[PDB]
Structure formats: structure tokens, C-alpha cells
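Asker: Can you read through this structure? Questions will come right after.
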Amino acid sequence: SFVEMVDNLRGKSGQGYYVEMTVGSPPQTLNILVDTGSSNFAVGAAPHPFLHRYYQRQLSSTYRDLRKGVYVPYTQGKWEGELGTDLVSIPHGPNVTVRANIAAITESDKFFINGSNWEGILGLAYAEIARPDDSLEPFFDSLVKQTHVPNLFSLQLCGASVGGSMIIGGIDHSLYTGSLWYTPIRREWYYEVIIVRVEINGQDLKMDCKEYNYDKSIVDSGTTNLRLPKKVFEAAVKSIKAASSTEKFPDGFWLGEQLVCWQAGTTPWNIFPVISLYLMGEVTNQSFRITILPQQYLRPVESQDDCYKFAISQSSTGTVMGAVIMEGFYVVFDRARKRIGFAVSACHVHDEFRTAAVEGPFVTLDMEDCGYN
Ligand SMILES: COCCO[C@H](C[C@H](O)[C@H](COc1cc(F)cc(F)c1)NC(=O)c1cc(C(=O)N[C@H](C)c2ccccc2)cc(N(C)S(C)(=O)=O)c1)C(=O)N[C@H](C(=O)NCc1ccccc1)C(C)C
């Protein structure tokens, strides 16, 4: 039942959202980072200074060795380990046990985060980007094949402790307001989408829309930031700077290298622009927009100052709609209908004159054009 899954995510501010899972017989409990940017399920399986527990394959009677090594690189770090299968279940998830591929992590480099409270990663994207190749069936594909869990999940990430929900197999309408707006999944590898327009405080960034999606645009729960191609990042930083040029920010602030601080309760939110991303819609010449507030992209780093990191950053690998974007929203990963839905979440943060929004319909032409090939 869906209420069972409401509030099944936890985390620490800026350290990742995780769901509880059990691997093996008898069940070993682990906290697993929810990652829509990858397709491998992997767990700490050897001692590590940042780990408080790990998978113990020797203690599981249902463990099978696949007798294959694996390496998974990401933007932020990488791990290697050994491939196996085992029985997996999600306590605040559907009432099922599946046999799934699990990579036992045996070494890693800048992967685990000290104090984050998670010991593994659930990659929820498609087999096309699984390591070492697309025949290593991802967890969610195993789940759907082996149970009657519908081929859909949703993510409500509640930011600024963190919490939220991963609704497995469905949409929980008590968790958002207004209507869901859907964008096509362009290709089933990452959750790839097409951005057709960008506005900052209502002013069109006016770039060729190909720039927004060079060389892809994805929805990624495992990445903190809004990550933007170089040209777009520069255009956007230039606008955000102009809008806030009432105030003094070291150039390292704009690079996420340094924090800005304000006497508690005096953050000048009004001087930071809203950002609207327009997404390709479901119908011919249809688009919709999602609007994010400064509070999403100025992330509080916890002295009686309020201090913040700038959480829009540059990318050489396309646009990444990270938790910065997703925190405003209820996000439906509707794999069965090849689409991603956005609605404003019931847990949206509160500006007192401005609102995170999902609005449509808009008309926009040759959204063809925006796709990078
Ligand atoms: C490249 O296009 C974008 C796709 O990016 C995904 C990122 C993926 O979501 C991984 C998943 O989670 C990890 C978390 C970690 F702590 C350490 C990790 F190593 C991974 N995430 C990140 O790489 C990542 C994580 C974080 C990060 O801090 N995550 C924490 C857990 C967090 C905090 C709050 C909210 C949500 C998450 C930050 C960043 N940034 C760069 S940043 C500063 O925000 O701009 C990136 C990814 O890298 N996927 C892999 C990939 O594409 N690899 C190819 C590759 C090879 C070599 C180099 C780079 C890429 C594969 C396996 C599908």
C-alpha cells in the first residue's frame, strides 16, 4: 500500500537521499542512496573508514557468486568490486523479495561520504548504462520482471536532516498539488529529457536550445547540483550576478568553492532570481515549465550566520537536473509510458512572495531542434 512508502527516504543535508534495504538470508539491513543517474546496485562489502556496516556475503545462504569483477566510474568518484546475486527486499517498499544483481564494493575512491549514513547505491536508470555492460539487469528491471510491481516509481525529495518518499510502483496523489506535467524520456539510458527554453526572472536566456541539451539533459537524484553545459552556466551566472549585484560575492562563491554568510534571518532572498526550465511536453508544439527558487540553488552549509553554497555548477557531460531541481517537485519516473512527470510537492520550501511552480501548457516550436545529435 502506498502510505507504507511515504516518508521512506532519509538523509543528511547535502549528503544524499537513501532508502532502507535488506540483502540476503538472514536479511542484512543497509541504507542505500537513491540514484536515477546510474543503473548498478552496489553495496559496501569490505571495511571502510566511512562505513558503519557492510554487506557480508559469507553470512548469506542465498548469495551466489557471478565470478566477474566490475568497476563503476561516476562524476564524483568510483568503485570496483565483485558481481553476485542475492535476495533483496525493501522494508518500506512493496511487500516482495527479488533476486537481484549486487556488486559487492571492495574498494572505492571518493565514493562513500563520511557521516552520510548510506552504505550502497541503487542505480534506477536503464540497462544501457549498466556496467560492465547492458546484460547486467538493473534492480528495478528485476523487480518488475519477478513481481507484479508496476513499471513506474516516484521520488519526492524534501530538502532544507532531509526526507521524502520513493513510491515504488505508483503515484501517491496526497504528495503533490495541482497537475502532473509530463516530458518524454528521449532515450532509455539515463532518464534523458529535452529542455526547450530557459528563463531567469522571466527573461529568456535566448540561446540556441541545442545548448541546453549539449550533449544530453538528464534527471539525476544522485547529483546535488543543477549542472549546466559551459556556455549555459556562463549565461546563467551572468544573469544571477546582475540580479544580485546589490551584493558582494567573491568569484569563488560562483564556483561553489566558498560560502556566503548572513546574519541569521537576513538572507536577501529577493535579490536572487527564479529559474524556469521549459521541458518538451506530450503533444505537438507542447511544453511546460518548472520554476525553481533561490532557496533550492543556494544550499545551506551548517556562529549565528546563515551560510550557503552556490549549487549551480558547470558540466562537460550535458545538463544534470540534480536534487536542486527535484527538491521542489514530485517526480514521476513513468517507465511504462516513457515519460517523466513533474508536480509541485506538498513539501516545497517557503519563500513568502514567490512559489516553485509547474505550469502549462506553453506553445514552443521545433522542439525537434533542441535535441542534440
Ligand atoms: C555524466 O552525466 C551525468 C551522470 O552522472 C551520474 C552521477 C551519478 O548520479 C552519481 C551517483 O552518486 C554518487 C554519489 C557519491 F557520493 C559519489 C559518487 F561517485 C556517486 N553522482 C555523482 O557523481 C555526483 C554526486 C554528488 C553528490 O554530492 N551526491 C550526494 C550523495 C547528494 C547530496 C545531496 C542530494 C543528492 C545527492 C555531486 C555531484 N556533483 C558533480 S555536483 C557537485 O553536484 O555538481 C555528482 C554518473 O556519473 N553516472 C555514471 C556515469 O555516467 N559514468 C560515466 C563517467 C565516467 C567517468 C567520469 C564521469 C562519468 C554511470 C555509471 C551511469
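Following the order of the C-alpha cells, chains are lettered A, B, ..., residues in each are numbered from 1, and ligands are numbered from 1.
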Give the strand (DSSP E or B) residues of region 95-160 of chain A, as assigned by DSSP on the backbone, as JSON, numbers by chain.
Answerer: {"A": [97, 98, 99, 100, 101, 102, 103, 104, 105, 106, 107, 108, 109, 120, 121, 122, 123, 153, 154, 155, 156, 157, 158]}
Asker: Report as a list in words all protein, DNA and RNA residues lying within 8 Å of residue 190 (chain A), evaluated on only C-alpha atoms, omitting residues in the same chain fewer than 2 positions from it.
Answerer: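 Close residues of residue 190 (chain A): residues 36, 37, 38, 125, 126, 129, 187, 188, 192, 218 and 219 of chain A.
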Asker: Would you put the residues from that selection into a file with C-alpha atoms, as a compact mmCIF listing (two decimals), in the first residue's frame?
Answerer:
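Below you can see out19.txt, which holds the result:
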```
# COMPACT_ATOMS: atom_id res chain seq x y z
CA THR A 36 18.42 7.85 -11.03
CA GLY A 37 21.77 8.71 -12.80
CA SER A 38 23.12 5.10 -12.92
CA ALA A 125 18.21 4.07 -14.70
CA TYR A 126 18.23 1.64 -17.65
CA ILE A 129 24.26 2.33 -18.92
CA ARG A 187 16.01 7.53 -24.94
CA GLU A 188 16.09 4.86 -22.29
CA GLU A 192 17.19 11.79 -20.70
CA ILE A 218 19.13 14.12 -17.55
CA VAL A 219 17.13 13.90 -14.25
```
Asker: Just want the residues within 7 Å of ligand 1, written as a ChimeraX atom specification, counting only C-alpha atoms and all ligand atoms.
Answerer: /A:13-17,33,35-39,72-78,110-113,129-131,190,220-227,313,317-318,320,322-323
Asker: Write out as a PyMOL selection string each polymer residue whose atoms come within 7 Å of region 324-341 of chain A, counting only C-alpha atoms; drop sequence neighbours fewer than 2 positions from it.
Answerer: chain A and resi 151-159+176+180-185+224-226+292+296-297+321-322+343-345+348+356
Asker: For the structure I just gave you, how does DSSP split region 260-324 of chain A - specifically, which residues are alpha helix (DSSP H)? Reply as a list in words.
Answerer: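 So the alpha helix (DSSP H) residues in region 260-324 of chain A would be residues 294, 295, 296, 297, 323 and 324 of chain A.
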Asker: Would you pick out the contacts of residue 10 (chain A) at 7 Å or less, using only C-alpha atoms, so that residues sharing its chain but fewer than 2 positions from it are not included, and give the list as an NGL selection string?
Answerer: :A and (8 or 17-19 or 162-164)
Asker: Can you pull out the residues contacting residue 245 (chain A)? Cut-off 12 Å, using only C-alpha atoms, and skip same-chain residues under 5 positions away; I want them as a JSON list (two decimals) with C-alpha atoms, in the first residue's frame.
Answerer:
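result_27.json was written with the following content:
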```json
[["chain", "number", "residue", "atom", "x", "y", "z"],
["A", 237, "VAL", "CA", 25.87, 33.06, -13.80],
["A", 238, "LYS", "CA", 25.98, 36.42, -15.65],
["A", 239, "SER", "CA", 22.21, 36.85, -15.03],
["A", 240, "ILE", "CA", 22.19, 35.71, -11.46],
["A", 250, "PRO", "CA", 33.92, 36.51, -4.18],
["A", 268, "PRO", "CA", 18.37, 38.66, 0.96],
["A", 271, "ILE", "CA", 17.82, 39.58, -4.82],
["A", 272, "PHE", "CA", 18.32, 36.07, -6.28],
["A", 273, "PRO", "CA", 16.33, 35.28, -9.46]]
```
Asker: Got a sec: who's within 10 Å of residue 83 (chain A), counting only C-alpha atoms, leaving out chain neighbours fewer than 6 positions off, as a short mmCIF file (atom, residue, chain, number, x, y, z; two decimals) with N, CA and C atoms, in the first residue's frame?
Answerer:
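Saved as part37.cif:
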```cif
data_model
loop_
_atom_site.label_atom_id
_atom_site.label_comp_id
_atom_site.auth_asym_id
_atom_site.auth_seq_id
_atom_site.Cartn_x
_atom_site.Cartn_y
_atom_site.Cartn_z
N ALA A 42 24.88 -1.59 -5.87
CA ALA A 42 26.17 -1.95 -5.29
C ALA A 42 26.21 -1.57 -3.82
N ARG A 64 24.94 -15.87 -4.37
CA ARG A 64 25.62 -16.54 -5.48
C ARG A 64 26.71 -15.67 -6.07
N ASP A 65 27.88 -16.26 -6.29
CA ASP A 65 28.98 -15.56 -6.94
C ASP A 65 28.75 -15.61 -8.44
N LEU A 66 28.96 -14.49 -9.12
CA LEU A 66 28.84 -14.47 -10.57
C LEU A 66 30.24 -14.57 -11.20
N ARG A 67 31.27 -14.44 -10.36
CA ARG A 67 32.64 -14.69 -10.76
C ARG A 67 33.07 -13.72 -11.86
N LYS A 68 32.82 -12.43 -11.61
CA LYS A 68 33.05 -11.33 -12.55
C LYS A 68 33.36 -10.11 -11.68
N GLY A 69 34.43 -9.38 -12.01
CA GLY A 69 34.75 -8.09 -11.39
C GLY A 69 33.91 -7.00 -12.07
N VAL A 70 33.83 -5.83 -11.43
CA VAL A 70 33.15 -4.69 -12.04
C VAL A 70 33.79 -3.43 -11.51
N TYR A 71 33.79 -2.41 -12.35
CA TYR A 71 34.23 -1.14 -11.98
C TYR A 71 33.10 -0.19 -12.39
N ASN A 101 21.01 -8.71 -9.11
CA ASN A 101 22.43 -8.40 -9.18
C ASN A 101 22.86 -7.41 -8.12
N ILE A 102 23.96 -7.74 -7.47
CA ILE A 102 24.53 -6.88 -6.46
C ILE A 102 26.02 -6.89 -6.72
N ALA A 103 26.62 -5.72 -6.75
CA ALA A 103 28.03 -5.61 -6.81
C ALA A 103 28.52 -5.35 -5.40
N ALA A 104 29.33 -6.26 -4.89
CA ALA A 104 29.97 -6.06 -3.59
C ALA A 104 31.17 -5.15 -3.71
N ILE A 105 31.06 -3.92 -3.19
CA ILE A 105 32.16 -2.96 -3.31
C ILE A 105 33.35 -3.32 -2.43
N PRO A 132 29.16 -4.11 -16.15
CA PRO A 132 30.09 -3.74 -17.21
C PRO A 132 29.43 -3.61 -18.58
N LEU A 136 23.86 -6.86 -17.52
CA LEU A 136 23.71 -6.89 -16.09
C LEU A 136 22.37 -6.21 -15.77
#
```
Asker: Would you mind telling me which residue in A:118, A:2, A:12, A:97 lies nearest to residue 52 (chain A) when using only C-alpha atoms?
Answerer: A:118
Asker: When you look at residue 53 (chain A) with a cut-off of 12 Å (counting only C-alpha atoms), what residues show up, excluding the ones that are within fewer than 2 positions of it in the same chain? I need them as a PDB file with C-alpha atoms, in the first residue's frame.
Answerer:
```pdb
ATOM      1  CA  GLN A  28      21.230  -7.694   6.356  1.00  0.00           C
ATOM      2  CA  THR A  29      19.979  -4.142   6.664  1.00  0.00           C
ATOM      3  CA  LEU A  30      21.671  -1.391   4.720  1.00  0.00           C
ATOM      4  CA  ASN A  31      20.919   2.211   3.757  1.00  0.00           C
ATOM      5  CA  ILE A  32      21.127   2.699   0.006  1.00  0.00           C
ATOM      6  CA  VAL A  43      26.970  -2.105  -1.589  1.00  0.00           C
ATOM      7  CA  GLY A  44      29.911  -1.611   0.722  1.00  0.00           C
ATOM      8  CA  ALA A  45      31.172  -5.194   1.223  1.00  0.00           C
ATOM      9  CA  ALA A  46      34.567  -4.539   2.882  1.00  0.00           C
ATOM     10  CA  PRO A  47      35.592  -2.315   5.875  1.00  0.00           C
ATOM     11  CA  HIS A  48      35.973   1.345   5.047  1.00  0.00           C
ATOM     12  CA  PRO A  49      36.625   4.316   7.394  1.00  0.00           C
ATOM     13  CA  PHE A  50      33.315   5.956   6.301  1.00  0.00           C
ATOM     14  CA  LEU A  51      31.287   2.781   6.711  1.00  0.00           C
ATOM     15  CA  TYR A  55      27.360  -6.490   3.163  1.00  0.00           C
ATOM     16  CA  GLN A  56      28.781  -9.819   4.436  1.00  0.00           C
ATOM     17  CA  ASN A 117      24.684   7.180   6.706  1.00  0.00           C
ATOM     18  CA  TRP A 118      24.405   5.174   3.453  1.00  0.00           C
ATOM     19  CA  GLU A 119      26.449   2.088   2.549  1.00  0.00           C
ATOM     20  CA  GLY A 120      25.382   1.479  -1.034  1.00  0.00           C
TER      21      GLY A 120
END
```
Asker: Determine the nearest neighbour of residue 148 (chain A) from the options A:135, A:95, A:106, A:165, counting only C-alpha atoms.
Answerer: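 Comparing A:135, A:95, A:106, A:165 against residue 148 (chain A), the winner is A:95.
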Asker: I'd like to know which of A:305, A:351, A:204, A:199 is closest to residue 290 (chain A), using only C-alpha atoms.
Answerer: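 Closest to residue 290 (chain A) of all the choices is A:199.
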Asker: Report the distance between CA of residue 229 (chain A) and CA of residue 255 (chain A) in Å, rounded to one decimal place.
Answerer: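 A separation of 13.9 Å between them.
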Asker: May I ask for the distance between CA of residue 60 (chain A) and CA of residue 141 (chain A), given in Å to one decimal place?
Answerer: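 These two atoms are separated by 22.9 Å.
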Asker: Considering only C-alpha atoms, can you say which of A:193, A:279, A:304, A:161 comes closest to residue 116 (chain A)?
Answerer: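 Residue with the minimum atom-to-atom distance to residue 116 (chain A): A:161.
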Asker: Suppose you want the space between CA of residue 144 (chain A) and CA of residue 54 (chain A); what is it in Å?
Answerer: 26.2 Å
